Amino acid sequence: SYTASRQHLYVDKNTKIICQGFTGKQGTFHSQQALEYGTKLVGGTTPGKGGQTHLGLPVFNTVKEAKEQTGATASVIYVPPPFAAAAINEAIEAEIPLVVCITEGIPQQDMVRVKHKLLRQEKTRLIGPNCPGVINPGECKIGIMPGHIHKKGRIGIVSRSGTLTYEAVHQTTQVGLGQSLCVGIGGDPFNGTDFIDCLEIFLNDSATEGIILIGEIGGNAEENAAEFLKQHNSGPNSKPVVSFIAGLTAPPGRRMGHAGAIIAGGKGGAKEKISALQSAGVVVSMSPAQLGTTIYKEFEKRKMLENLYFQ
């Protein structure tokens, strides 16, 4: 099933990337930045421009050609909303192991169609759309997150918000813990990777020693992940999980920027998510500024408990 592609989320120094929308405005700028950052970007696609060279790299008409000629195992999509779903579909058809879609504004009906194809295969893992991307600090960066804030370390971060990811990265770098792998699953209601997907990778990753889960109003993915953590991250050797849920002050029945961020039919409130996570044993930072300090304190408490009772 599609769950078999979860491991593709864990990009590393060996991941080779192509850019879909290579010659566009953001495709060009962020491809330049990836090259200047040392990430193994090896080419890209723009239909009708196959054969050109861009940033010293080959341009192809199709993902299939790009993959065959470069050995790329990941693609990043900077394609505008009207055509970005067909761009995801092309990368799925080409069996690209990881597809990261940055694009904001893809129609939900388009993504429902994309999801139908995605769930019926297992070669391709989709992150997004409307997401900042994924980073394994010092090994591989795919997306738009800012520079000079990450530090390779011990904390796995999964977030429905890109800007909140930057905050949590900055905070965990500043308290000296760093990040093992950071996945922004984006703010759209129909996407390729949920919280539980990332938690499974985090819980089974020896380099990840704690987890930050960043959520917000709308849907029930935080509730589902909480029950998942209650059942499967509650024994000995469990890993500390800290969470922040945006939208405590959001008015009901309004989309708070994100298509997915809405309290509808009395469902989706932040309080109910905080309470589910807490009752699952997740430590919830009430403040978005205190994610670094909260998980640092949780590590120190685990240290003391392990030395007190589990020598």
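Note that residue numbering begins at 1 and tracks the sequence as displayed.
A.B. asks: Tell me which of 226 to 234 and 115 to 123 has the higher mean C-alpha B-factor in the deposited entry.
C.D. replies: The recorded data point to 226 to 234.
A.B. asks: Comparing 262 to 270 with 40 to 48, which stretch shows the greater average C-alpha B-factor in the deposited entry?
C.D. replies: The stretch with the larger average C-alpha B-factor is 262 to 270.
A.B. asks: Just to confirm, going by the entry's C-alpha B-factors, which of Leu98, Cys101, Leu213, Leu177 comes out highest?
C.D. replies: Max CA B-factor in the entry, restricted to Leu98, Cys101, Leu213, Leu177: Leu177.
A.B. asks: Divide the modelled residues of the chain into thirds by Cα B-factor and specify which third, lowest, middle or highest, holds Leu248.
C.D. replies: It falls in the top third of the chain.
A.B. asks: Per the entry's values, where does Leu203 land by CA temperature factor relative to the rest of its chain, in the lowest, middle or highest third?
C.D. replies: Answer is highest: the recorded C-alpha B-factor places it there.
A.B. asks: Looking at the temperature factor on the CA atom of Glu167, which third of the chain's modelled residues does it land in?
C.D. replies: Its C-alpha B-factor, which the entry lists for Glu167, ranks in the middle third among residues of this chain.
A.B. asks: Splitting the chain's C-alpha B-factors into thirds, which one does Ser287 fall into?
C.D. replies: According to the entry, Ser287 has a C-alpha B-factor in the chain's lowest third.
A.B. asks: Which third of the chain does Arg160 land in by C-alpha B-factor: lowest, middle or highest?
C.D. replies: Lowest third - that is where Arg160 ends up once the chain's C-alpha B-factors are sorted.
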